[PDB]
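1. This one's a deposited entry, sequence included:
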Amino acid sequence: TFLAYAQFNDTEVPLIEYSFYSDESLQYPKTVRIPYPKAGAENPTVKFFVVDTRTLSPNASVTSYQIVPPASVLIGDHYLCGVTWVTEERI
Amino acid sequence: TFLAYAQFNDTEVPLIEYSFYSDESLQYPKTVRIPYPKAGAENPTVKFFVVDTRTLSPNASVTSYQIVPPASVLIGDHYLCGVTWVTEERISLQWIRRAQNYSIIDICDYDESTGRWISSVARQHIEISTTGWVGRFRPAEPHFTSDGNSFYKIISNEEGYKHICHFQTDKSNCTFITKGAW
Ligand SMILES: *[C@@H]1O[C@H](CO)[C@@H](O[C@@H]2O[C@H](CO)[C@@H](O)[C@H](O)[C@H]2NC(C)=O)[C@H](O)[C@H]1NC(C)=O
Ligand SMILES: *[C@@H]1O[C@H](CO)[C@@H](O)[C@H](O)[C@H]1NC(C)=O
Ligand SMILES: *[C@@H]1O[C@H](CO)[C@@H](O)[C@H](O)[C@H]1NC(C)=O
Ligand SMILES: *[C@@H]1O[C@H](CO)[C@@H](O)[C@H](O)[C@H]1NC(C)=O
Ligand SMILES: *[C@@H]1O[C@H](CO)[C@@H](O)[C@H](O)[C@H]1NC(C)=O
């Protein structure tokens, strides 16, 4: 019935950058860039959504609900570390 | 339960512009700009949506469904000209081609399992004019029975006179209930 998913936002996470040389034919090395938070750095933020797939249709909007963490976690930086479907109506 | 609304898009409609002088204290006149389609110009486009208000919540997206006109109208420029709620699960939409000599009523039913509003050829009613335009200024509106199984609507007689015709929601032929040179 439902499709739950997480969205990660790495906008403020610093980028680690390093050269990748590739095949010998590549004249100029490329630079790989990855949002990677080192100790104490700005972290990705996360949002969790539950989509009701019963209404998905070409001319319908997506019915979705955002589930936010409890106040004791919402307070500061946090991570979503687990998801378990219990029944069709409980997550 | 539902809130239906139309969205008008005037992106490509040219603007009429004219000066507005305002109070004598205004040192420089203002230029008013309005998207206004003159004869033959690009027209606004329309989208019709039905919103299910039951799910409205700050942390929820909006649940809505766009109902498009029937194929014979969707085919070219058109206008939405009428919206009539029949029951909580049936809505009547009246569309008209830009030429305005061909209109169609599309009666859509809410499908509880998917939230879609479904149309069917059996529930569509066409009104055309070979000698002019449809209706007086626009096609007349349908007046449904409590159950929504039929409706009454003013249309032109075989004699050219506007009279009340009785339609079955799922049948194409109607029966005139009034007649005469008036
Ligand atoms: C309003 O209508 C205009 C078209 O007149 C839409 O603009 C187009 O948008 C798509 C998707 O963003 C682009 O690929 C096209 O290039 C745009 N065309 C032009 C001429 O701008 C616009 O998206 C519509 N707006 C809404 C909210 O429906
Ligand atoms: C991602 O986070 C940035 C702030 O760091 C914010 O400006 C932006 O809107 C977010 N993007 C989305 C889609 O949530
Ligand atoms: C969805 O809308 C498009 C026009 O935007 C139309 O071609 C299509 O038939 C619609 N889908 C259905 C099945 O109603
Ligand atoms: C909706 O999101 C807000 C975010 O501030 C949160 O406070 C609220 O608890 C959420 N709704 C509920 C109770 O699920
Ligand atoms: C409606 O008017 C257009 C002219 O814009 C014409 O092409 C078409 O044949 C007319 N249709 C009818 C039913 O008279």
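-> Perfect, I can see it now. Numbers count the residues shown, from 1 in each chain, chains lettered A, B, ... in the order given. Ligands and ions are numbered 1, 2, ... in the order given.
2. Give me every residue in chain A lying close to chain B.
-> A:54-55, A:57, A:59-68 (C-beta under 8 Å from any C-beta of the partner chain). (Each C-beta comes from the backbone N, C-alpha and C, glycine too.)
3. Which of those sits closest to ligand 3?
-> residue A:59 (3.9 Å; C-beta to the nearest ligand atom).
4. Identify those among the residues of chain A next to chain B that sit within strands.
-> Counted as lying in strands by DSSP state E, out of those, are A:64, A:65, A:66, A:67.
5. which of those residues lies closest to residue A:50?
-> Within those, the smallest distance to residue A:50 is 5.1 Å, found for residue A:65 (C-beta to C-beta).
6. hang on, that closest one packs against residue B:56?
-> No: if you go by C-beta atoms under 8 Å, residue A:65 and residue B:56 don't touch, sitting 11.3 Å apart.
7. Comparing these two, which residue is more hemmed in?
-> Higher neighbour count among residue A:65 and residue B:56: residue A:65, with 16 against 12, using other C-beta atoms under 10 Å in any protein chain shown.
8. show me the residues around that one that make contact.
-> A:49, A:50, A:52, B:57, B:59, B:60, B:61 (C-beta atoms under 8 Å, 6 or more residues apart in numbering or on different chains).
9. ok, what's across the strand from it?
-> Taking DSSP bridges, one obtains residue A:50, residue B:60 as the residues bridged to residue A:65.
10. show me the contacts for residue A:7.
-> Neighbouring residues of residue A:7 by C-beta under 8 Å, 6+ apart: A:46, A:47, A:48, A:49.
11. check contacts around the closest residue to ligand 5 within chain A.
-> Among all residues of chain A, residue A:59 sits closest to ligand 5, at 28.0 Å; criterion: C-beta to the nearest ligand atom. Counting by C-beta under 8 Å, 6+ apart, residue A:59 touches B:65, B:66, B:67, B:68, B:116.
12. ok, 7 Å please
-> Residues near residue A:59 by C-beta atoms under 7 Å, 6 or more residues apart in numbering or on different chains: B:65, B:66, B:68.
13. isn't residue A:8 right up against residue A:48?
-> No: between residue A:8 and residue A:48 there is no contact under C-beta atoms under 7 Å: 10.5 Å.
14. ok, now which ones touch residue A:37?
-> A:13, A:14, A:43.
15. Let me see the contact set for the first one.
-> With contact taken as C-beta under 7 Å, 6+ apart, residue A:13 is in contact with A:35, A:36, A:37, A:41, A:42, A:43, A:44.
16. Try it again at 10 Å.
-> Taking C-beta atoms under 10 Å, 6 or more residues apart in numbering or on different chains, we find residue A:13 in contact with A:34, A:35, A:36, A:37, A:38, A:41, A:42, A:43, A:44, A:45.
17. which bits of chain A sit near ligand 3?
-> Within reach of ligand 3 by C-beta under 6 Å from any ligand atom, chain A has these residues: A:58, A:59.
18. Nearest the middle, which residue of chain A would you pick?
-> Computing the C-alpha centroid of chain A and ranking residues by C-alpha atoms, centre = their mean puts residue A:8 first, at 2.2 Å.
19. check contacts around that one.
-> By C-beta under 10 Å, 6+ apart, the neighbours of residue A:8 are A:35, A:43, A:44, A:45, A:46, A:47, A:80.
20. for these, which one is nearest chain B?
-> residue A:47 (10.0 Å; C-beta to the nearest C-beta).
21. Residue A:9 is in contact with the closest one, correct?
-> Yes: Residue A:47 is in contact with residue A:9 according to C-beta atoms under 10 Å; the separation is 7.5 Å.
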